[PDB]
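**Student:** got the complex split up, this is the first portion:
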Amino acid sequence: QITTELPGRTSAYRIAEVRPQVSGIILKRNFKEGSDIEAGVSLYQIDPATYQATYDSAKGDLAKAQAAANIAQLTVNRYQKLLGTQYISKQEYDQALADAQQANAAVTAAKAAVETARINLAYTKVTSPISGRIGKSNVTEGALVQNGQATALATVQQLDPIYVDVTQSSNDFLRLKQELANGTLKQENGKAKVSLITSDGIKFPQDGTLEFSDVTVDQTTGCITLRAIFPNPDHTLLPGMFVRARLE
Amino acid sequence: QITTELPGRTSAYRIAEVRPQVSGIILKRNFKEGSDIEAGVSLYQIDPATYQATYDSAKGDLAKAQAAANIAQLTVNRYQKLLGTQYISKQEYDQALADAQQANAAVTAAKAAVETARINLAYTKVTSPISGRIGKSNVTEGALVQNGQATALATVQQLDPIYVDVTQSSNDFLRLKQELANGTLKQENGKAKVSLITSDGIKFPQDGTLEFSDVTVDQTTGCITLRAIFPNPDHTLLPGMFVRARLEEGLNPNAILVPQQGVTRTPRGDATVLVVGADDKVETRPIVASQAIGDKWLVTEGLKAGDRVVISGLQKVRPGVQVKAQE
Amino acid sequence: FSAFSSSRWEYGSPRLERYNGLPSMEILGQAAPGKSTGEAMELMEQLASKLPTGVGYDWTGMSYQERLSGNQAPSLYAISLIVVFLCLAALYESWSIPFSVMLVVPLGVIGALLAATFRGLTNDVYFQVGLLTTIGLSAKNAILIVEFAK
C-alpha cells in the first residue's frame, strides 16, 4: 500500500545557452525575457554597417577577380584557336594559361572573401539556436560584446516534458537496492509512473514518468540522476524546485 | 475584497550602455551631466578630417574611375560602331570591354570607399542610441579614446515608464495558481493595476499597471521575478527602493468570515466550530477553517449566512441543552 | 520564515502541574452540606477504582490534615478519662468512690448539644473547648458537692 516519498530537484527537459558568435556592439533586442522563443527567431541585432562595408568590399573584389579572370580567359580563348601556326606558339599560350591559373587563384581568394563576409554577414544578426522558453537577457543594447566570450546571451528552456534529478546517497542506495532486490519498485524496469508532490502538497494532476535503470552513480556520494522525464503540459513546473515524489 | 501587500523590486524601463564607437581625441562634450538625453543626441566629437578627405578624395577617384571608364566605354561603343568589317580586332573589342570591366570594378571599389568613409564618417559623431535620463559625464574635453576599448562612456534609463520586477515567494505563487484556479480578482488577465505603497508612506498618485503572467523563476531560492511597467511622469522613483504594492480588492465576495471567538482548533490536528441545533440543543460541525482574515476567519466548508452560530454561554452548555438566542 | 517554515495547530495547556514532582491536575471539590468529606473520600476512592493501571491520587488541603488524622481526640478523651479516674482516685483517696462523679461528666454536653441545634451550629474547635468548659465547670462544681459531703 504505496511506498516511500523522497525529494529530488527538477530540471528542464532541455536548455540551450545562447552565446554570441560575432564580436561587436549590441543593437536592438528582438524579444522579451521568459517568453516562448522558437528556433531562428531573431534575438539581438549587431550593427551590420561594418559588415556592410565588409560585404560590399568582398563583392567588389569579387568583381575584380571577375574582371582579371575575364582578361585571362579571353587571352586563352584567343590564343587557343591559332596554335601550331605562325600566329601564336606554345610560349605565349602558356603565358596566357599562367594568367588563367593565377586568375583562378584570384577567384579562389575572391570566393574565400565572399563566403567569409557572407557567413560573418549571417552572424551579424542574433537568432535563436533552438525553440522553447527563454531565460533572461544578460547584456543591454549599445554594448560591445565578443565572439566566443564567456558571457552568454541567454538560455532558453524547453518544457512540455520536464526532468527531475533524483538524489540518493550511497548509504541507502543499498536500501534502494533493497527495494530493487525486492523488485517492488521496479516492474516495467524502464520507466513507470511516480506521483508528484510539490510544495503546497497539492500534487501534479497526473503522476510522472520515472526512469528506473539509469542509476547515475556519483564518484563521491552515489547520488543518482534518474532522469525523471515528467509531463509538464502547463509549461510552468519551474525547473529548480526541490519538490518530492513517492513511488508506486 | 481582500488581496496581499508585499515589497516589490522596482527596475527602470531603459538601461543603456554608452561606449566609444571610434578612436580619436574627444573634442568637446555636446551635452550635459544628469540631463534628459533623447535618442540621437550627438555625443563626443572626434575630428573627421581623415575620413572627410578620404571620403571626398574617394568620390573624386570615383569620378576619375567613371571618367576613364566612361571614355573607354565610349571607345567600346566605337568598336560597336566598327565591328562590321575587318577594321577593329575582336581581341581588341573584348580587350577594351574587359578593360571596361576592370575600370567598373574600380568604380565599385570606389563606391565601397565612399560607402566605408561615409559609415566611419557617421561614426565620427557619436549619437545617443535611445532616450531618457543620463547620469553624469565620465569623459571631459580634450580626452583621448580608442575604438572597441573595454571602458564604457555612460548609461541611460527611462522613468516615465518604469518596471517593477515583483519579488515573490514560491508557494504562494501556487496560491496565485490557486488564483489561476480562481481568476476572479485577476481582471483583464494579462495586466491590471496594483496600488503602490512607497517609502514616504504616501502611495504613488496613480497606482501601477501590473503584469500578471510572467514566469521568471529563481534557480536557487524560487524568488519569483514578475516585471511590471509602471507610470511615473515625475521620474522620481528609482530602480531599487524597495517599495510595497498590493492587488485590487478583491476576489469572490461569498466568504465565510466568522470572528475568532467560536473558532476552535478541535480536536488534535483538527478544527470544528460548535453551532446550536435547530431544537436549541447545540450541534457542532467540523469546518475547514482557512486563513484568519482581520478579526475573523475564512471558512470554506459547509456553512452559510444565517446559520445560528453562537457567542457566549458555551461553557455552561454541552451538546444537549436548549438555548434562548441573544445578540 | 515561510521560505522554510511550515506550521500547524494543536492543543496544549498553559498551566501544567506536578504534585510531589508527579504529573498532577488540580481537582477541587466541595461537598453538599450535611455530608463529610471522608464520605467523599470513600466515594471518589471507590471511583478511583474506575482508573487505569499506574494511577495514583491525593487528598490534601485540610484534607491533608484529616488525611493525617481527622480525630485522635477520642484517644485523648479515653486517656483523659483514665487520668481523671486515677487523679480522683487520689483526691477521693478511695477505691471506685470517684466513679460517681464520672456519671456527671456527660451532664454538661446537654445544652451544648441541644442549644447547638436550636441555634443551629455544629462541631469545631470552639465547640470542643465548649465541651471543655462544660465538663470543667460542671464536674468542678460536683467536686465541690462530693467534697462538702466528703
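**Tutor:** Sure thing, it's come through. Numbers count the residues shown, from 1 in each chain, chains lettered A, B, ... in the order given.

**Student:** near chain B, which residues of chain A show up?
**Tutor:** A:25, A:27, A:33-34, A:49-50, A:52-53, A:56-57, A:59-61, A:63-64, A:66-68, A:70-71, A:74, A:78, A:133, A:136, A:140-144, A:198-200, A:202, A:235-236, A:238-241 (C-beta under 8 Å from any C-beta of the partner chain). C-betas here are computed from N, CA, C, even on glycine.

**Student:** could you flag which of the residues you listed are buried?
**Tutor:** Neighbour counting with 16 or more other C-beta atoms under 10 Å in any protein chain shown marks A:25, A:27, A:33-34, A:49-50, A:52-53, A:56-57, A:59-61, A:63-64, A:66-68, A:70-71, A:74, A:78, A:133, A:141-144, A:198-199, A:238-241 as buried within the residues of chain A next to chain B.

**Student:** in helices only, show me those residues.
**Tutor:** A:49-50, A:52-53, A:56-57, A:59-61, A:63-64, A:66-68, A:70-71, A:74, A:78 (DSSP state H).

**Student:** ramachandran angles for the residue lying farthest from the centre of chain A?
**Tutor:** The centre of chain A is farthest from one residue, residue A:86, which by C-alpha atoms, centre = their mean lies 64.6 Å away. For residue A:86, the backbone dihedrals (degrees, to the nearest 10) come out as phi -80, psi -10.

**Student:** off-centre distance for the helix or strand hosting residue C:142?
**Tutor:** Following DSSP states H and E, the helix or strand that holds residue C:142 is helix C:125-149. Mean C-alpha position of helix C:125-149 versus that of the full chain (C-alpha atoms, centre = their mean, to the nearest Å) differs by 24 Å.

**Student:** ok, now stretch A:168-182?
**Tutor:** 38 Å.

**Student:** how much space between the closest residue to chain B within chain C and residue B:314?
**Tutor:** Going by C-beta to the nearest C-beta, chain B is nearest to residue C:9 of chain C, at 4.1 Å. Distance from residue C:9 to residue B:314, counting by C-beta to C-beta, to the nearest Å: 19 Å.

**Student:** over to residue A:225?
**Tutor:** From residue A:225 across to residue B:314, the span is 57 Å (C-beta to C-beta).

**Student:** quick check: next helix or strand after the strand ranked longest in chain A?
**Tutor:** The residue-count maximum for a strand in chain A (DSSP state E) belongs to strand A:191-197. Per DSSP H and E, the first helix or strand lying C-terminal to strand A:191-197 is strand A:208-211.

**Student:** here is chain D, add it in:
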Amino acid sequence: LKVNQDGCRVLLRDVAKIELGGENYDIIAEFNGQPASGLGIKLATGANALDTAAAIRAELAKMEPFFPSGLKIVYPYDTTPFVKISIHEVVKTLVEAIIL
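**Tutor:** One more chain to add, chain D, which I have set with the ones above:
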C-alpha cells in the same frame, strides 16, 4: 549533518552508533550468578528505623506487581534482620530474664 550542494546529506549517526548511555560503565556488581540492583537505603540523621523498616517492607509491598518478567526482589544486604532481630533477640532474652 553536512551536505553537498546537491543535498547529498548526512543524517545522524551514519559514522557512529546510537544506544542508551550508561553514564559510566565501570561497576560490575554480581549477586549469585548475575548482577542485580542492590539499593542502599542509608540511615538518615534523625531517622526512626523500626516502623520505617516495616514500611520499607511495605514499600516492597507497594511496588511488587508492576514489574517486568523475571524481575526479582531480595534484601541482599539488610541491617534490619540483624538489628530488628538483635532487639527481638536481645529484648526477648531481656524480658524472659525478667521472668527469671
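
**Student:** show me what the helix holding residue C:142 is packed against.
**Tutor:** On a contact count with 3 or more C-beta pairs under 8 Å, 6 or more residues apart in numbering or on different chains; DSSP states H and E, helix C:125-149 meets helix C:99-102, helix C:110-119.

**Student:** tabulate those helices (CSV), appending distance to residue C:22 and mean neighbour count.
**Tutor:** Listed next are the helices and strands packed on helix C:125-149 as CSV, based on distance: least, C-beta to C-beta, whole Å; neighbours: other C-beta atoms under 10 Å in any protein chain shown:
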stretch, distance to residue C:22, mean neighbour count
helix C:99-102, 50, 15
helix C:110-119, 42, 11
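
**Student:** would you list those helices in TSV and tack on distance to residue D:6?
**Tutor:** As requested, the helices and strands packed on helix C:125-149 are exported to TSV (distance: least, C-beta to C-beta, whole Å):
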stretch	distance to residue D:6
helix C:99-102	100
helix C:110-119	89
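
**Student:** list just the one of the ones you listed that sits closest to chain A.
**Tutor:** helix C:110-119 (73.9 Å).

**Student:** against residue C:140, how distant is residue C:146?
**Tutor:** For residue C:146, the distance to residue C:140 - C-beta to C-beta - is 11 Å.

**Student:** more crowded one of these two?
**Tutor:** Using other C-beta atoms under 10 Å in any protein chain shown as the criterion, residue C:146 and residue C:140 rank with residue C:146 on top: 16 against 10.

**Student:** quick check: chain neighbours aside, which residue is closest to that one?
**Tutor:** Distances taken as C-beta to C-beta, 6 or more residues apart in numbering or on different chains put residue C:101 closest to residue C:146, at 6.1 Å, once the chain neighbours are dropped.

**Student:** next one: residue C:49 from chain D, what distance?
**Tutor:** Distance of residue C:49 to chain D, given as C-beta to the nearest C-beta, to the nearest Å: 16 Å.

**Student:** which residues touch the residue nearest to residue C:146?
**Tutor:** C:88, C:139, C:142-143, C:146 (C-beta atoms under 8 Å, 6 or more residues apart in numbering or on different chains).

**Student:** nearest to residue C:51 among those?
**Tutor:** For those, the minimum distance to residue C:51 (C-beta to C-beta) is 50.6 Å, reached by residue C:139.

**Student:** understood, closing this out.
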